[PDB]
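These notes are about the structure you will find just below.
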Amino acid sequence: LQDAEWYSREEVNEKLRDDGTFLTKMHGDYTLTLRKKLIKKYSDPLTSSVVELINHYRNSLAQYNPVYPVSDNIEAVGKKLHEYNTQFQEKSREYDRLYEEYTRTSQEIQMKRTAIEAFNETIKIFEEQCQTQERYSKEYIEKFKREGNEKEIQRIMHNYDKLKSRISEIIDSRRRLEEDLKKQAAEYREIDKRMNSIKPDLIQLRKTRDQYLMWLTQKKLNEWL
Amino acid sequence: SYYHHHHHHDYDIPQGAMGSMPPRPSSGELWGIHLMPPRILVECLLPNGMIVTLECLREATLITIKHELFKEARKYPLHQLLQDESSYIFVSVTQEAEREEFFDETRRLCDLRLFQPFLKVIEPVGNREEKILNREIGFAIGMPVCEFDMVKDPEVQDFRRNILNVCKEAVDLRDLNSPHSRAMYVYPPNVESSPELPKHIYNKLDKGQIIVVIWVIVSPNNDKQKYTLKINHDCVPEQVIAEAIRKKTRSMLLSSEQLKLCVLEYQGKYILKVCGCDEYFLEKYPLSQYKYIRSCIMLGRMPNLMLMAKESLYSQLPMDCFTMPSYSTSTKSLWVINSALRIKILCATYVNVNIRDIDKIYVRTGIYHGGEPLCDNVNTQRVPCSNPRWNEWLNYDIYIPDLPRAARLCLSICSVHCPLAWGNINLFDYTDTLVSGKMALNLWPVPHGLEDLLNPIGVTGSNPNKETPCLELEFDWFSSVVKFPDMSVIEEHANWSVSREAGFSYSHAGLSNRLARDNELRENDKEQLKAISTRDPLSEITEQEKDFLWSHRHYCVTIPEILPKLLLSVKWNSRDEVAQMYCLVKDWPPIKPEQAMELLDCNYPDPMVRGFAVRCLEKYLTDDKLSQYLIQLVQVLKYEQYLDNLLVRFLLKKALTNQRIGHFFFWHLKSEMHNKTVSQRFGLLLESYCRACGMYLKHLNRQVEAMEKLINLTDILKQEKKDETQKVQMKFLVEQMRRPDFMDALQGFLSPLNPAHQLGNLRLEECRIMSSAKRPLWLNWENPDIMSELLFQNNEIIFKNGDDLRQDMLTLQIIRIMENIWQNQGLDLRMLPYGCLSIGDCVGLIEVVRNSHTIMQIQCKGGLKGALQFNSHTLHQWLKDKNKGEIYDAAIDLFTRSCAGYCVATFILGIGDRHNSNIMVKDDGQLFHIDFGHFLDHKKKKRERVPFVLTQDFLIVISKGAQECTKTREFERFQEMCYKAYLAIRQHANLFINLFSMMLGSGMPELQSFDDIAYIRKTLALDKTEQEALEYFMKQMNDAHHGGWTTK
Ligand SMILES: N#Cc1cccc(N)c1
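Protein chains in written order, with PDB author numbering: chain B, 328 to 334, 339 to 349, 352 to 356, 362 to 374, 379 to 382, 389 to 390, 393 to 397, 399 to 410, 412 to 418, 422, 426 to 429, 440 to 586, 592 to 598; chain A, -26 to -13, -5 to 308, 322 to 409, 419 to 944, 949 to 1054.
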């Protein structure tokens, strides 16, 4: 009854953590903490012991009220705790570094995307501007006839030359952003990818390290941890 | 021999080294560059189609630039096709990718936030120039308003138009008894909650009297005159104003009767200012009840007020001038629908997984209410790891009429057991309409602390970020828009559901859900209920207790405070039960705000519950108490299902009713605008506030502009000026601060830490970069008050670019609350919760406490010459050096009073380990901690720790130099303060649990889920009885100290 394999609220949550698994005096006696559910001779149907009551229901709780009994060196199984705890904490930094890079790259990217919206908007306003000058510049060639003909139209065409070639530089500046956008977006897929491979092996490393620490405790621990 | 000759081949030497400063990165005054060059070329696109490129100075105004553009455009062709310059406005593409017209031509070329350096010239289209000052709004919010106008979603649009209801109603309260009521909005009286005084404050009064000092001003306003009244603590501003006029105007030419009349024609022309800051005493409270006075009493200070004429005050107040913006029986009931729930998974697209590493991937799914209404299910592990596509109707064992109003699907893609992505949808929309059709949910990546599969406390909705796992799906369509019942209808169904139970017969085993005791219950029951009612939120309730509660629900009206436990004991999957709970809540006795706040956390998502919770706040929550808990109330908006809701309408109103609340309500929202979990919601909310808040928008825009100067400034110091000497950096800093754009922007404005204080004029000699690698700026301002000298001639606050303040900010708040608890229950421990304010992503502001030093400075200064050792008395000696006379005795009282409190607060919270450079002591002998770090013991994942371990240094000082301090009465006293304090918090432990619970919203790594908070149970020992808990604390304190702490 004392040992019983499966036999406060905080650590029991951390032992039920991650559907069917189970384990003050003045409020009541023992508590069955089934995960899917805290459940208080030992309600109405009372008929002898704590080991009695659990073996019956292992074979469902629907008919009671309207669904896994999970539970020799000492010094060298204690070094392993230091070993797996250095591995586990090594692994955390790697998962933490990459969650920053991911989020920075999420921003760096989305910053780029905006800047492309910006460029494109800029370009519209420059494309709208060479359009703007062709209206008035070509009204101001024919209206003149001969006066200043090339001493005007050269310097009108010079301006117009600079306009569209400045457009040329912007468009190339945008393209050069877009190329790097994909390179960033590639690296972004790579950050996620490796996060997803570290993650499963992070939890197992964590889980073994708990069970290694469980088995020992069946103050000294802190130097290893 | 050292390393057993083991090589590490991989290891190569060619953000750990100088490992500080990790947030980043935000672009500045132009694209790709933090701070535009001091001279720069700008291409000016004209109306005539000509490009002229001006070389302008960085700092040049648009008035200056236009004036020169039109000079220099004569020299180009087609001059005659330009109108007089005055006929034009500027425009360019900005870094938010919008085309902003530039109306305020005083603005400088750097301050415009251009993308490419170019201006286009045009005539002002959209002749309401007046209306296109939501640049003002967009600037405050930091995203342009037009960005909402092109959002499709009706909820958003609907929020935008409907929330104006609130804005119009609040503005109607403002201009009610104006100008007084306007002054009351702007300068709302800064007043403690209660008029009743603690005994230790009272005893400083000699039978309830304080010497006060009323200053007054005389021609040509230069000469000022004191008038030191000694008046009652509980007399009001008007009584004080009279006495100060009595004294000012007694004379040898006025009889008493002549005086009395001169008092009456003067007494109501004036009001009381605080000398040194913009605080006022605008309404009838006991002087004591104003915060300024009470601090003056505690600090042993003489209040210094000013008589100010109301017309010089209603001079300064503007018109707030609110405007309405340009944006101004049927088909089905859910209970008819006779099927179970089934939802179709279709195809997740953008999933990034190593085929080498992972075997197989599937979609786990569930329905929830915070906790879940059916056995959780998955789907079969199909097209694994490589273009995954399932085409499965999932079948959830629950009838469609038994879905509660706030029911939510939570789902996630996983690995075999390991979550890749996640996302949760509301099964009903904001119009009550059951979700049917095809949805395109983009997912969220799992956080740090969350290892579990599904994450249901996570934000309801899709990610806006496109390039994420976009798991689309299909919902069952029932030939009609299926809607949730009316309340009138849920009422009727309950009235029937109760009357029906009254005829269910004799034996019902599974008594559980029904009384059988009838109008007469047992008295052993009635005391086991109030026994439950005492228990904190995290003492999880059993099925027996739940059912026990649920049956006796009608006697649970006797004990309103039980409600959270009762609400958690409803079967939210049984509409029969749920419909009855709605009918109790309908008229359940209102409860205290500190208890009603639990009901706005993640575990109470029902609209009716959250309704009742806001209803309590509307009644009991004072403007005082709201300010205290505003951080949690903003954070809890996240857990609301829809944008428009009662809590948003409550806060928005208070915010537009009280400008001191408004201020922090802006900044707390504005803080989190970086975070895509809330950018939409808070963006919209902030638009409302900003459109309705009167002239305070203009004041916010000045604060904002000043912060973004400092953000750019520190941002350069941390990129391009790393690897320079302080000397070089500091030269760069002062060079920059002297440019007129910085001079404009950083001089005339309000301290966001407290908008009562004004900042004017930088003293750049006292401005400096601290040593820290984060490159925090120590900034110093002149207090431009008429009575600066009476409070502080200089105001100085630290701005930190690298570091996340909101841990600190919460612990600081949590302290402030323990302090008030302790003091308002008559026991004096003086905590110094300094000012902290996060204003963005790892950007913030910290109040400087003048005259305080890290213990390490005490020891570095107390320089035992020659580097032999530091002496443990040096603190004691340094403190003696300051406090000499009977003063010394009182300073040790202060040290001993602070040291106790800080020991208990520290212990309970489990803040970072305390040490020389993070403990601080003040000249008058008060001690206080800084740089708290990880609050609820965040390194334990790698114990019930004691972070403040009182070394000799402290113990020496607690007793007055005595040897073997362990055994003085000086120490006995100190211990009993610790025990009395420890227990004080233990009677209020619900509140602290609750405050921490409300903060899970924020993406704080130290608050990921409730077991993080569970630490604060152990440390308070709430499972135990107080005398065991006492002994537990003594125990915990004794082992850390190695002697002392027994035989109470
Ligand atoms: N019982 C239980 C339980 C488990 C996890 C979370 C919450 N809120 C409750």
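C-beta: ideal position from N, C-alpha, C; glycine also.
query: What do you reckon, is the C-beta of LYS379/B under 8 angstroms from a heavy atom of ligand 1?; result: yes
query: Since I believe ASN428/A is in contact with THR462/A (beta carbons under 8 angstroms), could you give me their beta-carbon distance rounded to a whole number of angstroms?; result: 5 angstroms
query: Would you check whether ligand 1 has a heavy atom nearer than 8 angstroms to the C-beta of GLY364/A?; result: yes
query: How would you call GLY188/A, buried or exposed, if buried means at least 16 neighbouring beta carbons within 10 angstroms?; result: exposed
query: Counting only C-beta atoms, is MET30/A closer than 9 angstroms to chain B at any point?; result: yes
query: Any heavy atom of ligand 1 closer than 8 angstroms to the Cβ of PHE355/B?; result: no
query: Kindly indicate if chain B contains any beta-carbon less than 9 angstroms away from that of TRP11/A.; result: yes
query: Quick check: the segment 753 to 769 of chain A against the segment 838 to 849 of chain A, are at least 3 beta-carbon pairs closer than 8 angstroms?; result: yes
query: Between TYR508/A, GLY359/A, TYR355/A, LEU961/A, which has its C-alpha nearest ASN380/A's C-alpha?; result: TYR355/A
query: With H, G and I counted as helix, E and B as strand and the rest as coil, what does DSSP make of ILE43/A?; result: helix
query: Under 8 angstroms Cβ-Cβ, which residues of chain B neighbour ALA150/A?; result: Within chain B, no residue comes near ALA150/A; the closest Cβ sits about 35 angstroms away, beyond 8 angstroms.
query: DSSP state of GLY903/A, grouped into three classes?; result: helix
query: Report the neighbours of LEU598/B on chain A: residues whose CB is nearer than 8 angstroms to its CB, in chain order.; result: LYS944
query: With respect to 8 angstroms, is the separation between the Cβ of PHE550/A and the closest non-hydrogen atom of ligand 1 below this value?; result: no
query: Looking at ligand 1, does it come within less than 8 angstroms of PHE930/A, judged from the CB to the closest heavy atom?; result: no
query: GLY512/A versus chain B: which residues are under 7 angstroms apart at the beta carbon?; result: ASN417, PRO418
query: Beta-carbon within less than 8 angstroms of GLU1012/A's beta-carbon, same chain only, minus the 5 sequence neighbours each way: which residues are those?; result: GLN809, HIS936, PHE937, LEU938, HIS940, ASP1018
query: If I measure Cβ to Cβ from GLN597/A and keep anything under 7 angstroms in the same chain, skipping five residues before and after, which residues do I get?; result: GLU563
query: At a cut-off of 8 angstroms, is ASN996/A close to ligand 1 when judged by its beta-carbon and the heavy atoms of the ligand?; result: no
query: Given a limit of 9 angstroms on CB to CB distance, which residues of the segment 53 to 83 of chain A reach chain B?; result: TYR56, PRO57, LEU58, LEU61, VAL71, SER72, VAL73, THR74, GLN75, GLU76, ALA77, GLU78, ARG79
query: In angstroms with no decimal places, state the Cα-to-Cα distance between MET164/A and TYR698/A.; result: 14 angstroms
query: Three or more beta-carbon pairs under 8 angstroms between the segment 478 to 487 of chain A and the segment 324 to 344 of chain A, yes or no?; result: yes
query: Residue range of the beta strand (DSSP E) that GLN637/A falls in?; result: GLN637/A -> not in any beta strand (DSSP E); alpha helix (DSSP H) instead, spanning 625 to 637.
query: State whether the segment 358 to 366 of chain A contacts the segment 541 to 550 of chain A, with contact taken as three or more CB pairs (one from each stretch) at a distance under 8 angstroms.; result: no
query: Could you please give me the residues that DSSP links to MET922/A through a beta bridge?; result: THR856/A, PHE930/A
query: Applying the criterion that 16 or more other CB atoms from any shown protein chain within 10 Å of the CB defines a buried residue, is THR358/A buried or exposed?; result: buried
query: Would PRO427/B count as contacting chain A if we go by Cβ distances under 9 angstroms?; result: no
query: Any heavy atom of ligand 1 closer than 8 angstroms to the Cβ of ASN605/A?; result: yes
query: Report the residue ranges of all beta strand (DSSP E) runs contained in full by the segment 786 to 841 of chain A; include only those spanning at least 3 residues, in chain order.; result: 796 to 802
query: Taking 9 angstroms as the CB-CB limit, is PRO757/A close to chain B?; result: no
query: Report yes if the C-beta of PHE1002/A is less than 8 angstroms from at least one heavy atom of ligand 1; otherwise report no.; result: no
query: When Cβ atoms are compared, which residues of the segment 712 to 740 of chain A fall closer than 7 angstroms to chain B?; result: none
query: Report buried or exposed for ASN605/A, applying the criterion of at least 16 other Cβ atoms within 10 angstroms of its Cβ.; result: buried
query: Would you mind sorting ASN826/A into buried or exposed? The rule is 16 or more other CB atoms within 10 Å of its CB.; result: exposed
query: Contact check, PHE909/A vs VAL952/A under 8 angstroms by CB: the rounded distance?; result: 6 angstroms
query: Can you find the residues in the same chain that come closer than 8 angstroms, C-beta to C-beta, to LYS700/A, ignoring five residues on each side of it along the sequence?; result: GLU116
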